[PDB]
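Read the figures in this text as sums done on the coordinates, not as results from a lab. Cβ sites come from the backbone with ideal geometry, for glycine too, and all protein chains shown count toward neighbours.
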Amino acid sequence: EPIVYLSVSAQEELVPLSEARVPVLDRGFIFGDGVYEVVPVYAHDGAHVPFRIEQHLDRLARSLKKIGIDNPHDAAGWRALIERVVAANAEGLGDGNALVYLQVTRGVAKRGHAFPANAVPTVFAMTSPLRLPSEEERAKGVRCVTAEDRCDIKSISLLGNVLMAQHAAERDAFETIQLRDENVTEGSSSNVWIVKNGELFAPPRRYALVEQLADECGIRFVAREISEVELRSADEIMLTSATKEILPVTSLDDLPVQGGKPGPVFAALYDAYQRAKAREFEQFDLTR
Amino acid sequence: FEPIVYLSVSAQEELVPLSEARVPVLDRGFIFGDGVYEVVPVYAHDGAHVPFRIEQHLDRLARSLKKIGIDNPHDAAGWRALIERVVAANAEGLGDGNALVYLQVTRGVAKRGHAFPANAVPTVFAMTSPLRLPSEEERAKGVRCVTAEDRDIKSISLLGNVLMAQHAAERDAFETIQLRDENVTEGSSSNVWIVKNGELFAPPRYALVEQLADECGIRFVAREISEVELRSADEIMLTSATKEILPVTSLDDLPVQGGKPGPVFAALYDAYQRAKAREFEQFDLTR
């Protein structure tokens with residue numbers, strides 16, 4: 001059985017794999033909020049010798065810096081941890097090649113996208129046998145296929161969204177509205193709508209609920225690209241999400257949205273949102 | 001009041017205090033970010049807690065699971081019952097406040113490998129949390145937003161890489177080489193190199209393969225590699241810490257040139273082994 005190292009909330013253990021478990025609100029589990037590095041450790045003369053250990057640890061330090069996690073160890077500290085985990089697995093590795101897998105996450109906190117204040121990184125390290133490609137694979141070569149490089153789903157690979165939410169928090173902002181090719185896409189955790197001349201717009205697929213609310217109110221809706229210039233000259237801007245319901249945006253990059261007050265299309269859609277709730281409450285009361 | 005959460009791992013389920021709820025470290029939600037989530041608002045009304053648009057939320061969940069090839073653990077009724085259960089277990093704690101239910105499904109626990117594991121059993125996690133809706137003042141005054149560009153690092157948000165590794169597996173291939181704007185980017189778990197007229201190329205930003213090239217006298221250039229250039233390359237290679245360097249001799253069922261590994265591969269592979277040899281000799285000397 002693999003013996004692994006795990007440090008969570010500043011407590012560490014070196015345990016059989018079957019005993020190693022992480023809290024469900026670790027941001028590595030909820031948000032994919034972490035980095036990893038793999039160090040090959042080659043069998044040689046009855047020892048296990050890490051390869052390019054300094055370059056790998058330098059890359060890990062750069063990955064951590066890139067996402068704002070303070071490195072939990074200096075180079076000597078990581079080497080010692082690697083040495084420890086390999087030696088604890090000596091019998092299982094035998095004289096075969098191995099790899100050391102290192103993972104660091106932003107740690108455990110209440111679920112929320114931006115960086116939490118009081119978080120201590122989680123560190124996981126394990127070693128497993130490494131089977132290099134065969135003489136035959138090397139002699140014959142391998143087969144590859146091509147595909148288009150890869151959004152439409154709510155996945156838990158959310159490091160992107162985390163960084164955009166942190167981007168907003170750093171600027172004392174509620175949300176980051178993202179642009180691609182001078183067109184509006186979405187917020188880190190919300191959908192974006194605009195109003196011009198009493199009509200409602202969203203980027204091309206919309207969202208059934210808000211479309212239904214617009215319909216109810218007699219407000220025309222069209223999904224089409226919204227340019228950055230159109231966003232900055234909108235009559236209203238709104239955000240929606242399950243947890244935000246619908247909210248007006250009245251300042252954008254520190255400039256006011258039209259007069260800086262919420263507008264009448266926001267007021268109409270917000271009241272319609274509350275009627276949609278009222279109707280579900282009434283259906284609930286009837287069944288009850 | 002300690003929140004009570006639901007957890008199902010490797011086909012075993014429990015309803016436990018939050019402080020007791022933990023998942024195996026090799027859960028693919030932890031290692032690869034390989035999973036989806038849904039949030040259902042649960043509003044306080046007349047002493048009860050009433051889910052809002054629960055059918056729409058569960059339909060989205062079902063579609064997302066299907067999209068990434070995870071078997072859906074419940075039908076709509078089953079999900080509604082689980083949600084009802086989790087909320088009732090937390091009744092005392094929610095009081096007369098609004099709440100949300102957070103549902104998360106991952107591909108489950110296996111040996112670390114990017115492609116889908118055989119007979120994997122999905123992990124399910126559900127919890128409640130208080131929901132504080134925006135204030136009357138936030139609604140009255142509105143909120144402040146900023147803008148940024150929508151977008152390099154070895155992260156554990158790897159669901160895209162998983163899907164590209166599985167794409168190769170589905171096709172009995174070793175790796176998927178990705179194209180963007182008809183230029184090569186990278187493999188699901190490797191870097192891609194080509195050779196043309198004895199020169200080595202990689203897409204623009206390995207120090208190691210560049211070192212190996214230099215040792216061999218082989219000119220290296222980082223520049224965009226088009227799909228056309230990839231398909232007509234003299235050699236194609238993949239690199240990673242665990243693959244070292246390997247020759248690609250077939251690409252989408254067409255041979256790479258003659259279909260056999262070429263001389264630049266042979267040179268770089270031997271240089272890779274000399275780099276290992278030197279690290280061993282330095283180790284032996286300090287030992």
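Please work out which residue is surrounded by the fewest Cβ atoms within 10 Å (Cβ to Cβ), limiting yourself to the range B:142-172 and to residues that are closer than 22 Å to B:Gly33 by Cα, of a type in the set (D, E, K, R) and touching a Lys or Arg at 6+ places or on another chain (Cβ under 8 Å). Full working, then the answer.
In the first step, residues of the range B:142-172 are kept if they are closer than 22 Å to B:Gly33 by Cα; the result is B:150-170.
Narrowing further to those that are of a type in the set (D, E, K, R): B:150-152, B:154, B:170.
Then keep just the ones that are touching a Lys or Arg at 6+ places or on another chain (Cβ under 8 Å); that gives B:150, B:152, B:154.
On the way: B:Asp150: 16, B:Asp152: 8, B:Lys154: 17.
Among residues in the range B:142-172 that are closer than 22 Å to B:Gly33 by Cα, of a type in the set (D, E, K, R) and touching a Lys or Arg at 6+ places or on another chain (Cβ under 8 Å), the one surrounded by the fewest Cβ atoms within 10 Å (Cβ to Cβ) is B:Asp152.
Considering only residues of the range B:165-194 that are of a type in the set (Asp, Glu), touching a strand residue (DSSP E or B) at 6+ places or on another chain (Cβ under 8 Å) and not in a strand (DSSP E or B), which is farthest from the other protein chains (Cβ to nearest Cβ)? Quick ask: steps written out before the conclusion?
Restricting attention to the range B:165-194, the residues satisfying the condition of being of a type in the set (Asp, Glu) are B:170, B:172, B:175, B:181-182, B:186.
Narrowing further to those that are touching a strand residue (DSSP E or B) at 6+ places or on another chain (Cβ under 8 Å): B:172, B:175, B:182, B:186.
If we keep only those that are not in a strand (DSSP E or B) as well, we get B:172, B:182.
Numbers: B:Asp172: 8, B:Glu182: 10 Å.
Per the stated criteria, the residue is B:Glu182.
Inspect all residues belonging to the range A:97-115 and state whether any of them is outside any loop (DSSP other than H, G, I, E, B), touching a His at 6+ places or on another chain (Cβ under 7 Å), within 30 Å of B:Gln273 (Cβ to Cβ) and hydrophobic (A, V, I, L, M, F, W, C).
Within the range A:97-115, the first condition is being outside any loop (DSSP other than H, G, I, E, B), and the residues that meet it are A:98-105, A:108.
Now drop any that are not touching a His at 6+ places or on another chain (Cβ under 7 Å), which leaves A:98.
Imposing the further condition that a residue be within 30 Å of B:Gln273 (Cβ to Cβ) reduces the set to A:98.
Imposing the further condition that a residue be hydrophobic (A, V, I, L, M, F, W, C) reduces the set to A:98.
Yes, the range A:97-115 contains a residue that is outside any loop (DSSP other than H, G, I, E, B), touching a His at 6+ places or on another chain (Cβ under 7 Å), within 30 Å of B:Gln273 (Cβ to Cβ) and hydrophobic (A, V, I, L, M, F, W, C).
If a residue must be in a strand (DSSP E or B), at the interface with chain B (Cβ under 7 Å from one of its Cβ atoms) and within 30 Å of A:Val86 (Cβ to Cβ), how many such residues does the range A:126-162 contain?
Filtering the range A:126-162 for residues in a strand (DSSP E or B) gives A:126-129, A:142-148, A:155.
Remaining after also requiring at the interface with chain B (Cβ under 7 Å from one of its Cβ atoms): A:142-148, A:155.
Next, from what is left, pick out any that are within 30 Å of A:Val86 (Cβ to Cβ): A:142.
Residues that pass the stated criteria total 1.
Only residues that are in a strand (DSSP E or B) and either more than 10 Å from chain A (Cβ to nearest Cβ) or more than 24 Å from B:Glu38 (Cα to Cα) (or both): list them for the range B:116-125, please. Step through it out loud before you land on a result.
Step one: of the range B:116-125, the residues in a strand (DSSP E or B) are B:123-125.
Within the range B:116-125, B:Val124 is the sole residue that qualifies.
Would you tally the residues in the range B:195-213 being more than 26 Å from the chain's Cα centre (by Cα) and assigned to a strand (DSSP E or B)? Steps first, answer last, please.
Applying the first criterion (more than 26 Å from the chain's Cα centre (by Cα)) to the range B:195-213 yields B:195-201, B:210-213.
Now restrict to residues that are assigned to a strand (DSSP E or B): B:195-196, B:199-201.
So the answer is 5.
If you check B:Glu235, B:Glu175, which single one turns out to be buried (at least 19 other Cβ atoms within 10 Å of the Cβ) and under 22 Å from B:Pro117 (Cβ atoms)?
Values: B:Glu235 fails: under 22 Å from B:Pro117 (Cβ atoms).
Of the residues listed, the single one that is buried (at least 19 other Cβ atoms within 10 Å of the Cβ) and under 22 Å from B:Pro117 (Cβ atoms) is B:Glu175.
State all residues of the range A:8-25 that are assigned to a strand (DSSP E or B), more than 7 Å from chain B (Cβ to nearest Cβ) and either buried (at least 20 other Cβ atoms within 10 Å of the Cβ) or among the charged types (D, E, K, R) (or both); if no residue qualifies, say none.
Across the range A:8-25, the qualifying residues are A:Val8, A:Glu12, A:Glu13.
So that you can scan it fast, the table gives a plain yes or no per residue for (1) exposed (fewer than 15 other Cβ atoms within 10 Å of the Cβ); (2) touching a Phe, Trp or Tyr at 6+ places or on another chain (Cβ under 6 Å); (3) closer than 20 Å to A:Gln283 by Cα:
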{"position": "B:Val42", "(1), (2), (3)": "no, no, yes"}
{"position": "B:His45", "(1), (2), (3)": "no, yes, yes"}
{"position": "B:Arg53", "(1), (2), (3)": "no, no, yes"}
{"position": "B:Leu65", "(1), (2), (3)": "no, no, no"}
{"position": "B:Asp71", "(1), (2), (3)": "yes, no, no"}
{"position": "B:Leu82", "(1), (2), (3)": "no, no, no"}
{"position": "B:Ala89", "(1), (2), (3)": "no, no, no"}
{"position": "B:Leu94", "(1), (2), (3)": "no, no, no"}
{"position": "B:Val105", "(1), (2), (3)": "no, no, no"}
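So that you can scan it fast, the table gives a plain yes or no per residue for (1) away from chain B (no Cβ under 11 Å); (2) more than 29 Å from A:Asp172 (Cβ to Cβ):
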residue	(1), (2)
A:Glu199	yes, yes
A:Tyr207	no, no
A:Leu213	yes, yes
A:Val229	yes, no
A:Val257	no, no
A:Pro262	no, no
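I'd like to check something: does the range B:75-89 contain any residue that is closer than 22 Å to A:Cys151 by Cα and in a loop (DSSP other than H, G, I, E, B)?
The initial filter retains those residues of the range B:75-89 that are closer than 22 Å to A:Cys151 by Cα, namely none.
Looking through the range B:75-89, none of the residues is closer than 22 Å to A:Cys151 by Cα and in a loop (DSSP other than H, G, I, E, B).
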